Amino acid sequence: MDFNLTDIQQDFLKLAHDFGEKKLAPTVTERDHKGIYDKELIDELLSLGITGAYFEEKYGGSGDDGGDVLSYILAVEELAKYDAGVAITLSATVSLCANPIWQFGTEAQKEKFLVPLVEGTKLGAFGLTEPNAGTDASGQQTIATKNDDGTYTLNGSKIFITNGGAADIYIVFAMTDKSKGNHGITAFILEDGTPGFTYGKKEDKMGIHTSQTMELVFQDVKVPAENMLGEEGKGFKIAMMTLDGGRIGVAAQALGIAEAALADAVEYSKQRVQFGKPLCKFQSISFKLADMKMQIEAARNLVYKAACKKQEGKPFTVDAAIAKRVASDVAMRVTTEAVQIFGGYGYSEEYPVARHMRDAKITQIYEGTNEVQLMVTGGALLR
């Protein structure tokens, strides 16, 4: 047992911190107010090296130099303190797009699609959810028929796709057989700009305004057999396994939003003077701050636990589920308390505290709701 970070992990931590401080911190309030997805920040982010933390140097990563999942995770958490929208933009690329190519991809697919993503040359997306396939990821309407070419044709739509529009490489799931549903989904790689491949209306979301969420529409889109990721009919397995990893990302995002709120409330409590005393002098305030701190620490070691488990090659399915949920709930509790400590000022979008509360809410929903997290843990528990 050990809870000390390696120097390498600290490098990736400090890395995102400096960026978050000099680039993200100043413009976040503007960008969130206007809902601006700043492609230039993303490009700067992507060139930092964080994207290839745990990937082998073979593909242009720091994996062979001591980088690991926890490094990448630590960065996600750090970025989420400054800008949650950007934090999830990064997390989606690595955990949900690069990873599955890296895991289930052939060397050709890796050399072609993985290395750009690892090197920060391209951005990735994950297109699984659609109107009738939410938590039930098998009510998928999207069809993927085979042609005499040996190529496939996709027809469908995807709803709520993070990084949609802005992304270059999309991992898309389609039903190659709608009889064995759960055993008949196939994963495909789509490049931005494929004929027939279009985008729909942009999502009008409650918070996380710096992240771009958009619909995708597939209209007779023909892709080569080469773009098929993994075996035909093994798509559900691929989605679930990559979602296990992503859950650690969302957990880490939730954690960062929470630490953001605590930091804000702590420094505010010392400056706001009412009844002649700074807020921190009133026992209730102090105790709210201490309790928030306890929850944040509780979530923390669970998030890190999962990242370590993953990098070790140990099954982390339940651990991720646990980290995602405890982290998301903490985020929501801690964030709602933070606004309260700021009084009326917390209700103003001039202050950072309101934003955090709005952001906390998606972490209980996307990448599998907290209820599925209950499903994954209980299923394990009852075996």
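One-based numbering along the sequence shown.
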property: Given 354-362 and 55-63, the range whose Cα B-factors average higher in the PDB entry; result: 55-63
property: Residue range whose averaged C-alpha B-factor is higher in the record, 93-101 or 152-160; result: 152-160
property: Selection by C-alpha B-factor (highest) of 196, 245, 85, 181; result: 181
property: Deposited CA B-factor, highest of 168, 297, 136, 259; result: 136
property: Where the record places residue 375 (Cα B-factor, split into thirds across the chain); result: lowest
property: Third assignment of residue 291 from its chain's C-alpha B-factors; result: lowest
property: Ranked against its chain, the third holding the CA B-factor of residue 315; result: highest
property: Modelled-residue ranking by C-alpha temperature factor, third containing residue 47; result: highest
property: CA B-factor ranking of residue 224, expressed as a third of its chain; result: highest
